[PDB]
Structures are given as C-alpha cells and as structure tokens.
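# Analysis of the macromolecular model
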Amino acid sequence: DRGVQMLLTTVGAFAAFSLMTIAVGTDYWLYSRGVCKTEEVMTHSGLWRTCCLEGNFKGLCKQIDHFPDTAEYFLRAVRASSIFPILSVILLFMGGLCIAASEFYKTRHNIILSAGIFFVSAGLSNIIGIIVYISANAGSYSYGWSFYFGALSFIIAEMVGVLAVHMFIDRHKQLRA
Amino acid sequence: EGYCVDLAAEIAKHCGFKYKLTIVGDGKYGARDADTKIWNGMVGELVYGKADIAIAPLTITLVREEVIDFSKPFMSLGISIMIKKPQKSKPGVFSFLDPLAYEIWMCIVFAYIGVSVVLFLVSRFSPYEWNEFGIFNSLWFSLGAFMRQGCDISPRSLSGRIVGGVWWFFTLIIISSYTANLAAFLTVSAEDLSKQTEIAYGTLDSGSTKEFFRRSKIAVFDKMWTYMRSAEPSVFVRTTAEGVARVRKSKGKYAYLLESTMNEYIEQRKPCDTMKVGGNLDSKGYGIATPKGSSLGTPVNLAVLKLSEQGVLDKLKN
Amino acid sequence: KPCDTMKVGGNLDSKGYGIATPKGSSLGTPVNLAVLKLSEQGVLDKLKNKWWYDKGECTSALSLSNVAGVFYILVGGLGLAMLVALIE
Amino acid sequence: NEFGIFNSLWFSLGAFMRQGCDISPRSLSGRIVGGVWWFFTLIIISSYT
Amino acid sequence: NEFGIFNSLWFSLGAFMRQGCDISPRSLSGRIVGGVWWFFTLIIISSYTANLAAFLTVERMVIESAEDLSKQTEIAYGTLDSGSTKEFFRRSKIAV
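As documented in the archive entry, the model was determined using cryo-EM at 3.36 Å resolution.

What follows is the structure, encoded as structure tokens:
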C-alpha cells in the first residue's frame with residue numbers, strides 16, 4: 001500500500017534519529033559503582049560524563065577520564081571520541097534528508113536507494129559503537145536506558161532501511177511496466 | 001583436657017609452681033557493671049581474691065588492664081561473624097546460556113539482524129538483478145547458518161557470498177567457543193549485615209565483644225549496637241554454645257558475633273553446618289591474667305614468649 | 001607502584017610492633033594506656049587506611065572482549081559487501 | 001516434496017544428527033518449529049560432546 | 001550449477017566452515033579432491049575446538065610454602081642483617 005509506506009518510513013527515520021541522539025546526549029549508559037568528582041558510590045555514567053548519585057554530594061559530576069601496546073591506545077582513542085555513535089547519528093540525519101527530498105526532485109527514484117543505504121550503514125555503525133563501548137568498559141555493573149535507546153535505534157533504523165529498499169524496488173517495478 | 005589446660009601445664013612447668021583447675025559457677029569470662037562497679041566471672045574472682053591466675057581464653061582490653069595485669073597474647077584473634085552456611089546451588093533453568101556472557105548473546109542477536117538485512121539489500125536492490133533472498137528468506141538463511149544447520153538456498157552473487165562467508169566464520173568461532181567453555185565448567189560483609197534488618201545478629205552477654213560494640217563510634221557498629229539494644233527478643237546469649245545452636249536452628253536467619261578462633265574450631269567440627277563470613281572487625285589477643293602484685297606476672301610473660309619462640313603454641317593450635 | 005613484586009603463601013610466624021621504653025621509664029605506664037585508647041577509638045585504623053589504602057596504586061563465562069575481534073571482522077565484511085554491490 | 005508425516009520425521013532426525021537437510025520448512029509456522037528444533041539440537045549435541 | 005572457479009571457491013570455503021553445500025562434485029576426480037578436503041577440514045576444525053578447550057580449562061586451574069622454598073636451592077632468599085627476622089631464623093627449631 002504505497003503512500004502509507006512513505007509515512008511509516010518517514011516516521012521511523014525521525015524516531016531513530018531522535019532515539020540515537022538522545023542516547024548519545026544522555027549519560028545513563030552504565031550504573032557502575034565508583035568515584036564521583038575528585039568513598040565509592042553508584043553512578044549513572046554515560047558516553048562523556050561519569051555522573052554521581054546516592055552520595056554525600058550526589059548530582060555533582062565530571063568528564064570521564066578516557067586515558068590512564070598500540071592496540072589498547074587505538075581502542076581507547078576510538079572509545080574516547082565516540083566516532084561510531086556520532087557517525088551513526090550523522091548517517092541517520094542524512095538518510096532522513098534524502099527521504100524528505102524524495103518528494104521534491106521526484107522521478108529520480110535513485111535517491112530513496114541512497115536513503116536505504118544510509119539507514120543500513122547507520123545501523124552497522126551503531127553496532128560497532130556498542131562493541132567498542134562494552135569492550136573498553138572492561139578495562140557488579142548494569143546498563144541504563146540510554147544503552148537500550150541506542151539499541152532500539154539500531155533496530156528501527158534497520159527496519160526503515162528495509163522499507164526504503166522495498167520502495168525503491170517497487171518504483172523500478174512500476175517504471176518497467 | 002584442652003588447650004588452656006596444656007598451656008597452664010607448661011606455664012607451671014617453666015615457673016615451677018603448682019595449679020588447681022577450677023571452673024566458675026557463673027560460667028562467664030567477666031565484665032563490669034558501670035553502675036555497681038562490680039566485677040563478674042573470672043575478673044571478679046581474681047580481683048576479689050577467690051583465685052590467683054587465669055589460664056583461659058580471656059580477651060585483653062583497656063578496662064581489665066586497669067585492674068589486673070595481663071601477659072603478652074598467646075594467640076591472636078578478632079571479632080567475626082558466624083552464619084548458617086547456605087546450601088549448594090542447582091544449575092538453573094536457562095543455565096544453558098552460561099558459557100557465554102550476556103553481552104555476547106545480545107550482540108549475537110544484533111549481528112543476526114544486521115547480516116540478514118545486508119544480505120537482503122545486496123541480493124535484491126539493483127533493478128538489473130530483477131536471487132530468492134527476500135527479507136524473510138534472508139533471515140531464515142542466517143538463523144540456519146548460526147545453528148550450523150541446513151541451508152536450502154545459498155547466495156549466488158559475489159556480494160551475497162561475501163556476507164555469507166563472514167557469517168560462516170563468525171558462527172564457527174562462536175559455536176566452537178560455546179562448546180569448549182561448556183567443557184571448562186563441566187570439568188573444574190558487616191555492612192551487608194547492618195543493611196539487612198531481616199537477619200538477626202547478637203553477641204555473648206558479658207564479653208569484650210559486647211563492650212567493643214557498646215564503646216564503638218563507627219557507623220556500622222553504632223547501627224548494630226542500636227539494633228541489638230532494641231532488637232526484641234534479646235539477641236544476646238549467655239554462652240557460646242547457645243549462639244551456635246541458635247544459628248544452627250534458625251534456617252539461616254540468625255548471625256552470631258564472636259572471636260575468630262571459635263568459628264575456625266566449629267566449622268572444622270561436624271555437623272559442619274555453619275560458616276565464618278567476611279573479615280575481623282577488631283584485632284586483639286587472648287592474654288593470661290594475674291591480680292595486681294602477683295609474683296607470677298613477671299615469669300608468665302617470659303614463659304609465653306619462650307613457648308612462642310619454641311613453636312609449642314603452634315603445635316597446640318594444630 | 002611500580003607494583004613489580006608479589007607475596008607468596010601465608011605468615012610463617014605471628015608477632016606485633018610494640019612501642020618500647022627503658023627499664024623503669026615514666027613513659028611506659030602512660031604509653032600502654034595511650035595505645036589502648038587509640039585502638040578503641042579507631043585512630044590506628046584511620047592512620048593505617050591513610051598510609052596503606054590511600055596510597056593504592058595497586059571457570060567463568062567468555063566476554064565480548066575475548067571474541068570482539070570476530071565481531072569487527074563481521075561488520076567490516078558487511079561494509080565491503082555493500083560497496084562491491086553498489087560499484088557493480 | 002512438502003512435509004508429510006514421513007518426510008517430517010526425516011527432517012527432524014536429520015537435524016538432530018546435524019547431518020544437513022534435503023528440504024526445509026517454507027511457511028512461518030514451519031520455520032518456527034524448525035528453529036526451535038535447531039536450537040534444541042545445538043544445545044544437546046554440544047552438551048554430549 | 002557446475003564448478004567454475006567462483007563456484008569452486010564457494011564450495012571449498014563452505015566445506016571448511018562445515019556449512020553445507022548447494023552443489024557437490026559428481027566425477028571421480030572431483031570427488032577425490034572433495035573427500036580429501038573434507039578430511040582435512042574435519043581434523044583441523046576438531047583440533048581447533050579441542051585446543052581451545054584445553055586453553056580455557058588449563059587457565060581455570062592456577063609451589064607456595066616455606067618447605068617448597070627450602071627444597072628449591074636455585075632460588076636465593078635472604079633477610080635484613082640485624083632484625084627480629086634473622087634472630088627468629090637463628091633461634092628456630094623447625095626443619096624448614
């Protein structure tokens with residue numbers, strides 16, 4: 001049922017972009033138990049700031065100290081600059097832009113494919129990001145709703161990509177008629 | 001018979017004197033009432049003249065030294081916690097996932113979704129291809145490859161085959177490691193107590209443990225002292241065996257605070273249904289005692305040091 | 001640090017550090033009471049923590065770390081595949 | 001062919017012995033049954049070894 | 001449907017990963033090559049799994065007293081010159 005397919009894809013793209021951005025921006029990625037601003041208390045650590053709670057001075061928090069064998073250096077660098085989560089956000093943005101431009105400058109039916117490629121790539125970037133984040137954390141604990149927002153963004157993004165590709169296939173099918 | 005009786009034997013041997021072994025009717029090591037200024041048990045006996053020496057498991061402390069002369073400790077110890085050793089664990093439903101960590105399973109699922117979507121995209125996106133791989137069939141191919149099972153359709157394109165190859169390698173490493181780690185498996189404190197009010201803990205009525213908790217100023221011990229002074233019924237007991245039975249007869253709902261030596265002895269003696277947990281809150285030692293002005297005080301110190309150097313106390317302990 | 005060594009086994013003998021004074025010292029009587037008072041108050045434990053713990057510079061399931069490499073190879077492959085397809 | 005009772009017994013035995021397939025379910029319901037049997041086989045064979 | 005170079009590479013890769021095949025040789029020569037590659041794969045993959053198991057099992061199991069020190073003469077041990085430690089060792093009567 002074309003037409004509702006476009007609305008579903010547009011809504012999905014916006015949702016995935018928003019979820020991934022919120023996940024990167026927010027800092028509830030890991031409920032660890034460590035030192036707040038420089039006694040060990042819980043903390044809602046995130047991608048940038050290890051933030052404190054249930055403490056003498058809960059709510060006062062700082063910037064995680066990423067740095068204290070080139071392999072460890074490279075991984076620490078890639079995890080310090082969340083290049084992968086950030087790249088996921090940029091890709092989702094460009095995908096949405098292409099989907100939107102699919103109304104203007106129509107008849108190209110070649111840009112919506114670009115949208116699908118962007119969404120799929122965003123998902124792959126998101127998974128690499130999760131792997132590096134978990135791997136670096138290994139240098140009790142738990143994961144917060146930011147982590148799961150990132151994961152949900154991955155799933156929605158992949159679905160929106162599959163829909164985009166399906167639409168591109170349908171367009172070329174109609175054209176071949 | 002026992003350790004203290006032997007010890008008194010070698011102490012009398014080195015000093016040369018004689019000894020007559022006597023028990024206290026009150027069955028208490030000793031303490032003082034802050035109001036009556038009265039001494040109970042062994043300390044009351046020695047101070048009030050009823051005796052002259054205590055070769056016993058008496059604990060050293062500031063208050064007792066003010067009134068009597070102790071020796072150098074003949075064995076070191078510390079307060080400790082005794083609980084009803086919990087029962088062993090049963091494997092558990094959903095234990096078939098234990099060989100791999102939660103994160104590995106989660107990322108396996110995310111990768112399954114990704115591999116499937118990429119195979120669907122590459123297989124059917126170019127109009128020049130219009131490959132039986134739709135999104136449903138792509139997902140089936142990937143699941144079946146992970147479970148090392150039948151294929152029934154195999155990518156024919158170059159790109160589809162790249163995706164398939166990497167998924168195959170991934171599956172080999174992950175499943176091999178699940179099986180290998182299965183083998184591995186198949187072939188091999190106080191704060192937590194203070195936080196839990198459901199679990200009940202108590203101490204001997206008249207002893208260095210009760211006094212140490214009463215005179216304490218630390219947060220955990222202060223909370224414990226308030227709880228004991230308010231925990232009805234009285235968690236305090238009159239004898240060590242009383243606490244032993246209470247822990248052994250409370251289904252793990254009672255804890256006993258006592259010296260580490262007794263825990264070591266009990267856990268090493270059947271029925272072996274209790275355990276020592278965590279570490280020692282305070283460190284002290286058992287010390288022979290004598291009343292002020294006894295002639296035995298000077299030589300008993302030397303006897304204890306000589307036994308320690310000779311290694312006799314270690315042999316008696318063993 | 002440098003944390004270049006380790007302890008093996010347990011304690012061969014048990015002893016204790018003890019303040020000392022000459023025979024007949026006027027300080028001997030009060031130092032004992034001072035030691036007992038500090039032990040009861042917990043001051044010695046505070047000093048111990050400050051000078052030992054405060055100077056701190058020092059089977060089971062498998063973890064994403066033991067296998068992360070295979071995940072990296074997988075994603076890299078997915079990327080190469082998408083590139084080859086788009087090139088064609 | 002499609003899964004009659006005889007062919008279905010064969011599909012299951014072959015899956016347990018990890019010895020590949022000649023046919024596989026094509027419908028959603030068939031694929032759910034097949035999936036759980038595949039997982040069951042993996043855990044049980046791995047545990048035997 | 002026949003073994004060209006690309007299909008040949010796919011058959012071999014798949015046989016190494018034990019991931020089944022969409023087609024198999026039909027001639028005597030093709031079958032000889034296939035059988036030998038199958039044998040090589042069985043031995044090599046079984047060995048990978050067996051040695052991984054050995055790696056994990058051994059680590060999960062990891063000399064530690066005075067007697068073991070006295071027995072080992074290659075290792076040298078010493079104490080402070082003037083201390084309770086030297087006196088304790090000098091006045092000791094334990095064998096080690």
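### Focus on the overall build of chain B
For chain B, the count of helices and strands is 13 helices and seven strands. Relative to its length of 318 residues, chain B is extended, with a C-alpha radius of gyration of 34 Å against a globular reference of 20 Å. The principal-axis extent of the C-alpha atoms belonging to chain B is close to 110 × 45 × 30 Å.

### A word on a nonpolar patch on the surface
Residue and element names in this part refer to chain A. Where nonpolar side chains cluster on the molecular surface, the patch consists of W48, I83, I86, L87, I90, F93, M94 and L97 and spans about 660 Å² of accessible area. For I90, the location among the structural elements is in helix 3 (residues 83-100). Exposure remark for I90: the relative accessible area of 39% places this residue in the partly exposed category.

### Details of the arrangement of the chains
Highest in contacts among the six pairs of chains that touch are chains B and C. Chain A shows no contact with chain D. Their nearest C-alpha atoms sit 19 Å apart. Structurally, chain A and chain E remain out of contact, their C-alpha atoms never closer than 19 Å.

### Some details on the interface of chain A and chain B
Contacts between the two partners involve 22 residues from chain A, matched on the other side by 17 residues from chain B. Summing the contributions of chain A and of chain B, the shared interface buries around 1700 Å²; its carbon and sulfur component is 85%. By the criterion of area lost to chain B, the three top residues of chain A are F154(A), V162(A) and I169(A), representing 24% of everything that side buries. Breaking the side of chain A that touches chain B down by element, the ones donating at least two residues are helix 4 (111-136) and helix 5 (145-176) of chain A. The residue inventory of the side of chain A that touches chain B, partitioned by class, reads 19 nonpolar, one polar and two charged.

### A short note on the interface of chain B and chain C
Each partner contributes residues to the interface: chain B has 33 residues there, and chain C has 22 residues. Among the secondary structure elements, those contributing two or more residues to the side of chain B that touches chain C are helix 3 (62-67), helix 4 (102-123) and helix 6 (158-185) of chain B. Residues belonging to the side of chain B that touches chain C are distributed by class as follows: 25 nonpolar, five polar and three charged.

### A look at the UniProt feature "binding site: L-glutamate" in chain B
All names here are of chain B. The sites that carry the UniProt feature "binding site: L-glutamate" are, in the present numbering, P57, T59, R64, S208, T209 and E259. Relative to the helices and strands, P57 is located in the loop between helix 2 (41-47) and helix 3. The residues contacting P57, other than those within four sequence positions of it, are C4, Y29 and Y286. In this view, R64 contacts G30, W39, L58, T59, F70, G207 and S208; residues no more than four positions away in its chain are not counted.

### Describing the state of the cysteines
Tallied over the full model, the rule gives three disulfides over all chains. In this structure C151(B) is a free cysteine whose sulfur lies 9.1 Å from that of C21(E), the closest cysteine sulfur available. Assessed through its relative accessible area of 22%, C151(B) is described here as partly exposed. Of the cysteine sulfurs around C21(D), a residue in no disulfide, the closest is that of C151(B), at 9.5 Å.

### Digging into the packing of aromatic side chains
Evaluation of the coordinates by the stated rule reveals 35 aromatic pairs over all chains. Measuring from ring centre to ring centre gives 5.3 Å for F88(E) and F89(E), while their planes differ by 55°; the resulting arrangement is tilted. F89(E) sits in the partly exposed class, given a relative accessible area of 45%. Grouped by ring-pair contacts, the aromatic residues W29(A), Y133(A), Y141(A), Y143(A), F147(A) and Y148(A) constitute a single cluster. The side chain of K173(A) reaches across the aromatic face of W130(B), ending 3.5 Å from its centre. Its end group placed over the ring of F88(E), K15(C) keeps NZ or CZ at 5.0 Å from the ring centre.

### With respect to the sheet that holds strand 1 (residues 30-34) of chain A
Residue and element names in this part refer to chain A. A sheet is described by the order of its strands in space; here three strands give the open sequence 1-2-3, paired in antiparallel fashion. Only two strands of the sheet have a single partner each, and these edge strands are strand 1 and strand 3 (50-52). Neighbour-to-neighbour, the strand axes of the sheet open up by a mean angle of 40°, direction not taken into account. Bridge analysis of strand 2 (residues 41-45) against strand 3 gives three bridges, and the strand direction is antiparallel. Looking at strand 3, one finds that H44 is bridged to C51.

### Things to note about the packing of helix 4 of chain B against helix 3 (residues 64-87) of chain C
Two elements in contact, helix 4 of chain B and helix 3 of chain C, have axes separated by 11 Å at closest approach and are oriented at 10°. One element, helix 4 of chain B, and the other, helix 3 of chain C, form an angle in the roughly parallel class. From helix 4 of chain B, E103(B), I104(B), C107(B), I108(B), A111(B), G114(B), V115(B), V118(B), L121(B) and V122(B) reach across to helix 3 of chain C, where they touch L64(C), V67(C), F71(C), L74(C), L78(C), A81(C), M82(C) and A85(C). When grouped by side-chain class, the residues that make up the contact of helix 4 of chain B with helix 3 of chain C number 16 nonpolar, one polar and one charged.

### Some thoughts on the nonpolar core
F170(B), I174(B) and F71(C) are the most contacted members of the largest nonpolar core, which has 93 residues in total. With 15 residues, the single largest contributor to this core is helix 4 of chain A. Leaving out residues up to four positions away in the same chain, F71(C) has contacts with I131(A), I104(B), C107(B), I108(B), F170(B), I174(B) and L64(C). By size, the runner-up hydrophobic cluster in this structure holds 24 residues, among which are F74(B), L77(B), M82(B) and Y286(B).

### Some points on the UniProt feature "intramembrane region" in chain B
The UniProt record annotates "intramembrane region" at residues 133-148 and 149-151 of chain B. Secondary structure over residues 133-148 of chain B splits into 75% helix and 0% strand, and the C-alpha atoms at its two ends are 19 Å apart.

### Details of the UniProt feature "intramembrane region" in chain E
UniProt's entry tags residues 3-18 and 19-21 of chain E with the feature "intramembrane region", counted in the numbering of this structure. In residues 3-18 of chain E, the share of helix is 75% and the share of strand is 0%. The end C-alpha atoms are 19 Å apart.

### As for helix 2 (residues 28-59) of chain E
Given a rise of 1.5 Å per residue, 32 residues ought to cover 46 Å, and the 47 Å separating the end C-alpha atoms of helix 2 of chain E matches this to within 8%. Within helix 2 of chain E, the full set of buried residues consists of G34(E), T41(E), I45(E), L52(E), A53(E) and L56(E). Summarising the contacts, the buried residues of helix 2 of chain E are in contact with helix 6 of chain B together with helix 1 (5-16) of chain E.

### Section: the pairing of strand 2 of chain A
Each regular strand carries side chains that alternate between the two faces of the sheet. Residue and element names in this part refer to chain A. In terms of residue burial, strand 2 counts as a mostly covered element, since four of its five residues are buried. Both strand 1 and strand 2 contribute to a ladder of five bridges, which runs antiparallel. By the bridge assignment for strand 2, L30 is matched with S45.

### Concerning unusual backbone geometry
Backbone torsion omega between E232(B) and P233(B) reads 0°, so that peptide bond is classified as cis. For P233(B), the position within the fold is in the loop between helix 9 (219-230) and helix 10 (240-248). At the junction of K1(C) and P2(C), the peptide bond is cis and its omega measures out at 5° in the coordinates. With respect to the helices and strands, the residue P2(C) is situated in the segment before helix 1 (28-41). The phi torsion at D152(B) lies on the positive side, around 75°, for a residue other than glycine. Checked against the element boundaries, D152(B) lands in the loop between helix 5 (135-146) and helix 6. With a relative accessible area of 34%, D152(B) lands in the partly exposed category. Non-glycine residue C272(B) carries a positive phi angle of around 60°. Following the sequence through the fold, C272(B) ends up in the loop between helix 11 (260-267) and strand 5 (275-277). By relative accessible area, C272(B) is classed as partly exposed at 36%.

How each quantity is defined
- Residues numbered from 1 in each chain as written, not as in the entry; some residues may be left out.
- Chains lettered and ligands numbered in written order.
- Part of a larger assembly, values for the part shown.
- Heavy atoms only, no water.
- Residues with missing side-chain atoms left out of burial classes, pairs and counts.
- Helix = DSSP H or I, 4+ residues; strand = E, 2+ residues; numbered from the N terminus.
- Rg over C-alpha atoms; globule rule 2.2 N^0.38 Å.
- Patch = residues over 30% accessible without salt bridge, like charges linked within 9 Å, V, L, I, M, F, W, Y side chains within 5 Å.
- Areas by Shrake-Rupley, 256 points an atom, 1.4 Å probe, with all protein chains shown as cover.
- Salt bridge = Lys/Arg side-chain N within 4 Å of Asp/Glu carboxyl O.
- Buried < 20%, exposed > 50% of the residue type's maximum accessible area, 1.4 Å probe, protein only.
- Contact = heavy atoms within 4.5 Å.
- Buried area = accessible area lost by both parts, 1.4 Å probe.
- Nonpolar A, V, L, I, M, F, W, Y, C, P; charged D, E, K, R; others polar.
- UniProt positions renumbered as here; feature names shortened; annotations may be inferred.
- Disulfide = S-S within 2.5 Å.
- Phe/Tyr/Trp six-rings, centres within 6.5 Å; stacked < 30°, edge-to-face > 60°.
- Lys NZ or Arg CZ within 6 Å of the ring centre and 35° of its normal.
- Pairing = 2+ DSSP bridges.
- Axes fitted to C-alpha atoms, helices over the stretch in contact; angles between N-to-C directions.
- Parallel < 35°, antiparallel > 145°, perpendicular 65-115°, else oblique.
- Core = buried A, V, L, I, M, F, W, Y, C linked by side-chain atoms within 4.5 Å.
- Expected span 1.5 Å × (residues − 1).

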